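Quick note: numbers below take in every heavy atom, side chains included, and nothing from hydrogens, waters or symmetry partners. Lettering follows sequence order; numbering is per chain, from 1. First listed ligand is number 1; within each ligand, the first listed atom is number 1.
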Amino acid sequence: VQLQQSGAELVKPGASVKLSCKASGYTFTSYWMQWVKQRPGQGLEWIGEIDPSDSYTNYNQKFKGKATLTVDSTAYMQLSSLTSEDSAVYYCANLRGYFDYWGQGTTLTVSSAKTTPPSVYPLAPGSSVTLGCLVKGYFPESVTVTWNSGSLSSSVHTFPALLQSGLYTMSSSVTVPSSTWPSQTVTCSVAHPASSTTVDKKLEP
Amino acid sequence: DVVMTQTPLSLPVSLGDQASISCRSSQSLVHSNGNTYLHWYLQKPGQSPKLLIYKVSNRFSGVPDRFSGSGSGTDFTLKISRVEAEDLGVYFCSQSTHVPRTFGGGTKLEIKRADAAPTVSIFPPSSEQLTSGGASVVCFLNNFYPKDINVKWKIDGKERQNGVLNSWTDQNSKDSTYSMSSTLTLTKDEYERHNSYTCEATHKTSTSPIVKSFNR
Ligand SMILES: O=c1[nH]cnc2c1ncn2[C@H]1C[C@H](O)[C@@H](COP(=O)(O)O)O1
Ligand SMILES: [Zn+2]
């Protein structure tokens, strides 16, 4: 089974958002769809469930005022009057005994800040050479850095983003055998979906 | 709401060893229908939780028998018979006997391994960044253990405290080591006024600080 979920959303305080869950690989009608909330470093909170054969819906009291479950093979969930306390990952999931399937979740950022694309800077300087790319000044979070379109994955280190003046900044490093660089070029790819950005940087001495 | 409390919050364990994770509920998880809906999930960083054990001791598809669940009423145990590098992550116990469904705080499995000194790399600001007036000088402190390390930036011998940004990765799922990147941020002007930029790290493995430097 597979439950396709958005990925990320940036919304202004007070606004309303509608997340979607696309169910496949099984009879949508056969199971009750669930929704769970996870804030960055904390545990999980249950929100509610809905029955696809009809639309009977149960919710946790804490989210009685925030969520409105509906369906279609897409299950939907709408939050409302958003605040920074709503900044979290939301998962739709079939939670029933051995039928346990989760979606990848949708990272929801409630903020007034403007979407800003990253600036990517190449970091070039034994038997191995550690190269890197500095990705700075972007918003919102969610950036993927791959090396050689992802074919170079063994020695890659991805360092989590940090806020530096209201903007995020992170880095990634790759280590290759010394004899292979600069002979062969390694290039880091940076994708920032929120701002439709895909910039490649070739590492040169 | 039934409150679930896990013990402990962090669990350091060597490869090949055994791990026991506990979970208590404020009240009995035995449904009137006879079943006890207590479950266990593993959440690997950047991934959705995945089910291991449902109804105390039955395993989900594909989960190996190194994982077993036990317990009753309000006390429950998740046992990992021989810890393997890929077991790291956070374990959550969850109940669905009562409504609403509820989850535990989580327990992070930490792998104990042999000490490893960090391999340090220093990098000067790229011309592209200089070109725009910024000047970040970065330091990668890779593959070390334990996670406790200390980094200092020195400019011409002077220790720079402000303008530094540090971020550690989570334990490596393949070699159980940690990594960290320390970034010193200056303007193009301040940077061009000095000569040597030093990245110093003090970690259990040396006594004498590990020092990487470059003279502009
Ligand atoms: O997670 C759950 N929590 C409470 N009751 C459940 C849940 N799943 C199944 N059941 C129910 C529905 C059934 O009539 C009954 C036995 O089904 P079983 O799925 O075997 O536990 O109890
Ligand atoms: Zn100086």
Are any of the N/O atoms on A/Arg96, whether in the backbone or the side chain, positioned under 3.5 angstrom from an N/O atom of ligand 1? yes
Contact check: B/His39 vs ligand 1, nitrogen or oxygen atoms, below 3.5 angstrom: no
Which single N/O/S atom of B/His194 lies at minimum distance from the Zn ion (ligand 2)? ND1
Closest B/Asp156 atom to the Zn ion (ligand 2) [N, O or S only]: OD2
Any idea which protein heavy atom is nearest atom 22 (O) of ligand 1, and the distance to it?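 Nearest protein contact, heavy atoms only, for atom 22 (O) of ligand 1 is B/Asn33 ND2, 2.7 Å.
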Nearest 0.5 Å, please: how far is CZ in A/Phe159 from CG in B/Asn142? 4.5 Å
Heavy-atom donor-acceptor pair, B/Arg101 side chain to A/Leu95 backbone, under 3.5 Å: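 Yes, because the side chain of B/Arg101 sits within donor-acceptor range (under 3.5 Å) of the backbone of A/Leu95.
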Given the protein's heavy atoms, is any one of them under 4.0 Å from atom 14 (O) of ligand 1? no
Does the residue B/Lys55 have a heavy-atom contact with ligand 1, meaning some pair of atoms that are separated by less than 4.0 Å?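 Yes, B/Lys55 has a heavy atom closer than 4.0 Å to ligand 1.
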With a 6.0 Å cut-off on the ring centroids, do [X] and [Y] count as close?
X: A/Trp102; Y: A/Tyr91; answer: yes
X: B/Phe144; Y: B/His203; answer: yes
X: A/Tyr26; Y: A/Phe99; answer: yes

Select the closest option to atom 7 (C) of ligand 1 among A/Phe99, B/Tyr37, A/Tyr98, A/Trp32, judged by heavy-atom distance.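 Result: the heavy atom closest to atom 7 (C) of ligand 1 is in B/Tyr37.
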List ligand 1 atoms under 4.0 Å from B/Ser96, heavy atoms only on the residue side. 1 (O), 2 (C), 3 (N), 4 (C)
With a 4.0 Å cut-off, would you call B/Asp1 and A/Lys62 a salt bridge?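 Between A/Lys62 and B/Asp1 there is no salt bridge, as every charged N stays at least 4.0 Å from the carboxylate O atoms.
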Audit row: A/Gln78, A/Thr70, side chain to side chain donor-acceptor pair (under 3.5 Å) steps and yes/no: CA-CA 8 Å; A/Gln78 201 227 278; A/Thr70 55; over 6 Å; no
